[PDB]
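Chemist: What shape does this take:
(one chain, ligands or ions: 2)
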Amino acid sequence: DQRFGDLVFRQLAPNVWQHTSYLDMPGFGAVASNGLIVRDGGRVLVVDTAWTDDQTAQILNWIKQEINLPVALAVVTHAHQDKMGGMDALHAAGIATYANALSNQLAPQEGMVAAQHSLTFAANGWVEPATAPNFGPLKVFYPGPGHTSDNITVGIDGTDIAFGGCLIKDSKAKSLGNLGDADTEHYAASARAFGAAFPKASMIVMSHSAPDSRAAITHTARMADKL
Ligand SMILES: O=c1c(O)c(-c2ccc(O)cc2O)oc2cc(O)cc(O)c12
Ligand SMILES: [Zn+2]
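Modeler: Residues are numbered from 1 along each chain as shown. Ligands and ions are numbered 1, 2, ... in the order given. And now the structure:
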């Protein structure tokens with residue numbers, strides 16, 4: 001793990017890096033949010049933002065420092081403070097923001113900035129290619145209602161890595177986390193939908209825990225099975 005100011009960066013794969021932003025909550029401690037940075041040739045693709053615009057700006061600084069390549073687009077998993085905190089930062093940097101059509105609608109409701117582009121999914125939950133242009137190895141998939149009704153997942157094509165966001169937890173998770181705007185009925189199905197979408201993905205990266213194995217998916221499903 002390499003520390004860059006207030007954020008931590010860890011290389012998972014040669015072209016796939018993980019970022020961890022920490023938010024100090026008075027009386028609770030430092031909360032951590034993970035994200036993914038993928039290098040597709042001569043362009044950079046970012047998955048999810050940090051807690052704040054400042055922290056997200058640091059990520060862009062790191063990308064320019066190490067990779068030294070421009071970010072093509074940035075896609076978030078859902079309209080939440082732990083994932084869409086640096087939307088304005090990307091807009092200021094001139095980066096195309098991609099988000100679920102529902103997320104863009106929920107953004108002004110959760111008190112966040114909506115993305116410039118909206119993603120639409122089919123009946124099976126797969127993203128419409130028309131709304132996902134020049135995504136490269138970013139295969140977006142909508143598992144359904146889980147942590148939220150707008151939560152989505154992203155798979156890194158060409159590799160065995162998949163981003164579960166905040167929908168999926170680790171194999172040693174004792175809690176599902178925030179279940180406020182979550183669905184306790186379809187959660188058990190959505191967790192499995194993600195696993196069925198990316199069965200060749202062994203590296204399951206989440207936003208609140210280190211990259212686990214496929215056991216994390218089944219664990220989340222089993223925990224949601226009792227919801
Ligand atoms: O995923 C969240 C989370 O784990 C948490 C979280 C924080 C503290 C805690 O004890 C448990 C949590 O799930 O923070 C969030 C705050 C948000 O506004 C939206 C979120 O999706 C989260
Ligand atoms: Zn959330």
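
Chemist: Now for the closest residue to residue 195 other than its chain neighbours: which residues touch it?
Modeler: Leaving aside its sequence neighbours, residue 195 sits nearest to residue 217 (CB to CB, 6 or more residues apart in numbering; 4.1 Å). No exception for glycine: its C-beta is placed from N, CA and C like everyone else's. By CB atoms under 8 Å, 6 or more residues apart in numbering, the residues touching residue 217 are 164, 168, 191-192, 194-195, 204.

Chemist: One more pass at 10 Å, please.
Modeler: 162, 164, 167-169, 171, 191-196, 198-199, 201, 204 (CB atoms under 10 Å, 6 or more residues apart in numbering).

Chemist: Please apply the same query to residue 180.
Modeler: By CB under 10 Å, 6+ apart, the residues touching residue 180 are 147-148.

Chemist: Relative to residue 10, how far out is it?
Modeler: The gap separating residue 180 from residue 10 is 29 Å, by CB to CB, to the nearest Å.

Chemist: cool, and residue 41?
Modeler: 22 Å.

Chemist: Please apply the same query to residue 57.
Modeler: From residue 57 across to residue 10, the span is 19 Å (CB to CB).

Chemist: Repeat that for residue 227.
Modeler: Look at residue 227 and residue 10: by CB to CB, they are 31 Å apart.

Chemist: can you check residue 212 too?
Modeler: If you measure residue 212 against residue 10 using CB to CB, the figure is 14 Å.

Chemist: Which one's more surrounded, these two?
Modeler: Set residue 212 next to residue 10 and count neighbours by other CB atoms under 10 Å: residue 212 wins out with 22 against 14.

Chemist: Next, the contact list for that one, please.
Modeler: Counting by CB under 10 Å, 6+ apart, residue 212 touches 164, 168-173, 202-206, 219-220.

Chemist: now do 8 Å
Modeler: Residues near residue 212 by CB under 8 Å, 6+ apart: 170-171, 204, 206.

Chemist: Could you check the host helix or strand of residue 65 and say which residues are buried?
Modeler: Per DSSP states H and E, residue 65 falls inside helix 53-66. For helix 53-66, the neighbour count (16 or more other CB atoms under 10 Å) marks 53, 55-60, 62-63 as buried.

Chemist: Ligand 1 contacts on this structure?
Modeler: Within the chain, the positions near ligand 1 by CB under 6 Å from any ligand atom are 31, 80-82, 166, 177-178, 208.

Chemist: Format those residues as a markdown table; extra columns: secondary structure, neighbour count and distance to residue 125.
Modeler: As requested, these are arranged in a markdown table below (DSSP: H, G, I helix; E, B strand; the rest coil; neighbours: other CB atoms under 10 Å; distance: CB to CB, whole Å):
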| residue | secondary structure | neighbour count | distance to residue 125 |
| --- | --- | --- | --- |
| 31 | strand | 14 | 29 |
| 80 | coil | 25 | 19 |
| 81 | coil | 14 | 25 |
| 82 | coil | 23 | 22 |
| 166 | coil | 25 | 17 |
| 177 | coil | 15 | 22 |
| 178 | coil | 13 | 22 |
| 208 | coil | 18 | 23 |
